[PDB]
A.B. asks: 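Following this message is one structure expressed as structure tokens.
Chain identifiers are assigned alphabetically (A, B, ...) following the order of the sequence lines, protein sequences preceding nucleic acid strands; residue numbering begins at 1 within each chain.
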Amino acid sequence: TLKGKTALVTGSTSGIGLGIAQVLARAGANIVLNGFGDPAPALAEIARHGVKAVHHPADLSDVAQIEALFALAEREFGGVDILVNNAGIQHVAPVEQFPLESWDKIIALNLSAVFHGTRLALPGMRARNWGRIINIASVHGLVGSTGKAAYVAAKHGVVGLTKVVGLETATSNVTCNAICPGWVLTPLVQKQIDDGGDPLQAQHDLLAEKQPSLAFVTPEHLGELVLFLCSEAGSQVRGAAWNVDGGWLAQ
Amino acid sequence: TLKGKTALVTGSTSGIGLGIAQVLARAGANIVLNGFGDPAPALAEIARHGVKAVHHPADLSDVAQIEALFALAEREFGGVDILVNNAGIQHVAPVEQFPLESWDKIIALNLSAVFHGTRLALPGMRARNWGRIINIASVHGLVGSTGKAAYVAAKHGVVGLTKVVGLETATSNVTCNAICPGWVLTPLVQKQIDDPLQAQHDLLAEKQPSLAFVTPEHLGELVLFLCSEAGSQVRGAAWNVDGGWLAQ
Amino acid sequence: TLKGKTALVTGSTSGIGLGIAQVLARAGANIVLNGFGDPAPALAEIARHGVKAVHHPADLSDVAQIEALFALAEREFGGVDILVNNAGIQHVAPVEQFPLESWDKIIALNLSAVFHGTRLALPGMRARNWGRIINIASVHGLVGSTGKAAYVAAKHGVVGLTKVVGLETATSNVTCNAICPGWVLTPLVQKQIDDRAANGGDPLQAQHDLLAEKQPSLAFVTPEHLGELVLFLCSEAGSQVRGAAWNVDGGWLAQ
Amino acid sequence: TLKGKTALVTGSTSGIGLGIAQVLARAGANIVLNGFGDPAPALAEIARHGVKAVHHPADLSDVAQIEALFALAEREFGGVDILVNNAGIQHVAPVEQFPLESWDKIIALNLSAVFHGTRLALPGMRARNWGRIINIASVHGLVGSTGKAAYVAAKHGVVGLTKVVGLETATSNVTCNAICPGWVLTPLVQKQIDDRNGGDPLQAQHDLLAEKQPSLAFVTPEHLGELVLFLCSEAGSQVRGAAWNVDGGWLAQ
């Protein structure tokens, strides 16, 4: 179904990104993984699916490393057919106590990397007469929260870059869209929850204010939506920002 | 996955409703069709997927008829698991030349019918601890167009009613969402069409950047996605399928 | 600055509508008032500003009554220049227990009256090539809350309607826009607080408790803030505001 | 109405920022102007209003120079009560043909400068419990257009940033909002039009605006300054984290 397509997913050595890669892999895509830490438990996950997978450790706040990432995909599979721009970093502080380097780093990775990714993948998508760009943005690409100046700013920028790129490719078989998740049960959020108290009330205390369902989204939910955007039923979904959020945006 | 579910799709004797009911049918749901005219051709489009289907002719502007439709589903299948609020009607006039009966019927069919359908299906979905309500709205639940006062007003109401209902069922296995299509190849659009390509572009050029139609089958596939496990925490959302309409 | 203009405000015998009419009266507009109750207080308040006011008691769920209201404006002042569609009604219940009648009434007053006011004003605004229609909608025109199926639907429809009219009037000097308030300090809202206060219970705490969930400022929008916005929209700087929905809401929508 | 308040307006040596500054000065704010080119015309327009004014040339893609700009505001006037983050830069190319250099400069100026402005003004506004930060974003902070990847990303980032700041300041007398203009009649855009060589001034404005702005009429810098001034009144006290569009119907379709 995606056999013969090649998906690259940024920040996919674990968490949301690996859940996404997992589903693409299952539907027959070859995989370019990206991320820090040992890339091998993850490579062996994707390969379980009867597919070739590779990993590049690009630090995506460095453009030249983004370039060597895309250069590895060109040499290894003839380029990227599905780009999932997923990697992200966070820092929580009042705007006037926000670390200056956190600002720049968050803008670089959450926003600028997505424009770099897209610019490098889009030529081959157009040439091969088919393409999918899926930016994993956030509810924070649509509304604000106190303490998240840089993240909400970057995620908004992504939502808007999505629209521009969906419009620029409207008359082709390449689509660009954004998924906007609320709370996701990630390795890092799991670790949080693990860090006295009790697991239920830590997770309730996290979700209660913003997320009316009081239940996490999972990586696998997000993976399936990606697969959806990659099907033919996704062909006239263009420049959209779809939220998966347990009611976050509804109120 | 949908075997042993029952889906009621309003406005499903043709076009968008029928393509939706057909996708749900391929996935194995029992189907309740609704709409005007001979239900035979829609019922064969369904029954051939190896499933049970039935039909009720309810005019959805009449509240008692809405009740008769939901009565027929419960007597036939034991309840609605999946409700797709789809039927719609249009009229185009400047606001100050817009016929008053026409305002009232568009509001009744496009807006108030959704609320009635919802309030009749909800309690059963709650009791069975599972449910999907999907409102087929429009890009016109999100933006305006000239000539379309009553429709944009109704479809915006649907978007808002969708948020309320997604919030109220947030802590259950019942979800409520909307799907917001741009230009869709309907039997009524096809009739409009009749080279047919230049017709299609004349129709779509201003509003729909892809110059290509959304299909009822694209929309069925989304509905199907939303009924799946992966749509469990999609709530009160209005997802646009529109060839780039909203991106500009 | 609005001298020579005529404003009609719906639901202006008291509260928000009256606060808006007062600011338009102070800017020089002649005032058509509408609503239930004794109109003597509203008419007195307006008169103070050295302007002419009249009152029509039109039930806005009755299209014939709306027509009579607008007919009064034409004979009295030569037609409406600034239409403020303000009248609102509310009811809270779960969707599945929301009474059918309340659904119809809310839809009729909060949404359909807005279409009727708008259809009746627009021809004379166009003929004079000058006009402002300002719809007082709600944050509930942009997001939901639990228990508010009919209001959120009707207010959303107002926001949609506003776009259609903004668009259809774009090439003329008539504009149509929406204002979308959060919690506004009305006499109804003052009772809520008052009732908490009578419990032995600090009024500020009570006001905090009421606003905390939805309105980060913990402070009310006032009818006067809203009248001042309406007056802005009616200025030359409002000429190219068209089909817009602007929120005044102590932060409600930013989160 | 603004006597004894100090407004700083970035990019106010001409076009939109200057029109905004003029209306604020007319309302009696002291003014800190900023921008490239000869500042004397901009200074002369302010002084016709009878308020004190100074100019700083800070390049807003340089963080140290924006810090100098706020130091001058502090030294001259004791700090900034009304911050208008206006300065804007533009570049049109398909996304895969957008200069990397111009991507970084648009982000720096249209987005990151707004974070720096804000972080530098907000401690003095909180100390004095009164402030207004008003970000001049664009309809492009709400929707896309082809050719405009950087600008659309930056201005959307601004609209998001404004929400966070609105929220962080919600419990204070400091507000933060954004204004989102469509096509604005700027000196630069009059240079486009006055070059239209043989044509019809009327149907060239029309052809420029037809596609995006159904009014076929410009927002003026002066309309924008009047809304800024609104946002500065007691009536804007509970306008918080908002993004109001002034766009001749752009966002309505």
A.B. asks: If you count heavy atoms of other groups shown closer than 6.0 angstrom to CD of B/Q192, is the number above 12?
C.D. replies: yes
A.B. asks: Using a 4.5 angstrom heavy-atom cutoff, name the option from B/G141, B/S112, B/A154 with the most pairs to chain C.
C.D. replies: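 Winner by heavy-atom pair count: B/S112.
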A.B. asks: Among B/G236, B/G144, B/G166, single out the residue with the greatest number of heavy-atom pairs under 4.5 Å to chain C.
C.D. replies: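 Among the listed options, the one with the most contacts to chain C is B/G144.
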A.B. asks: Which residue out of C/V143, C/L100, C/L120, C/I107 racks up the most heavy-atom pairs below 4.5 Å with chain B?
C.D. replies: C/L100
A.B. asks: Could you report the tightest heavy-atom contact between B/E96 and C/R119, atom names first, then the distance?
C.D. replies: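 Minimum heavy-atom separation between B/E96 and C/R119: CB-O, 3.7 Å.
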A.B. asks: To the nearest 0.5 Å, what is the distance between CG (C/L111) and CG (B/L111)?
C.D. replies: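 So the gap between those two atoms works out to 7.5 Å.
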A.B. asks: What residue among B/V164, B/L167, B/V165 forms side chain to side chain contact (heavy atoms under 4.5 Å, CB included) with C/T146?
C.D. replies: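 Of all the options given, the one that passes is B/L167.
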A.B. asks: Could you check which of B/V95, B/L161, B/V152, B/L122 has the highest count of heavy-atom pairs closer than 4.5 Å to chain C?
C.D. replies: B/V95
A.B. asks: If I measure from the heavy atoms of chain C, does B/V158 come under 4.5 Å with its side chain, its backbone, both, or neither?
C.D. replies: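 The answer is neither part of B/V158.
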A.B. asks: Examine whether an atom of B/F98 lies under 4.5 Å from a heavy atom of chain C, and if so say whether it belongs to the side chain, the backbone or both; otherwise answer neither.
C.D. replies: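 Both the backbone and the side chain of B/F98 come within 4.5 Å of chain C.
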A.B. asks: How close do C/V159 and B/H156 get, heavy atom to heavy atom, and via which atoms?
C.D. replies: C-CD2, 4.2 Å
A.B. asks: Above 12 or not: heavy atoms from other molecules or residues under 6.0 Å from CD of C/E236?
C.D. replies: no
A.B. asks: Check for a donor-acceptor pair, side chain of C/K163 on one end and backbone N or O of B/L142 on the other, with a separation under 3.5 Å.
C.D. replies: yes
A.B. asks: Within a radius of less than 6.0 Å around CD of C/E213, do more than 12 heavy atoms belonging to other residues, nucleotides or ligands occur?
C.D. replies: no
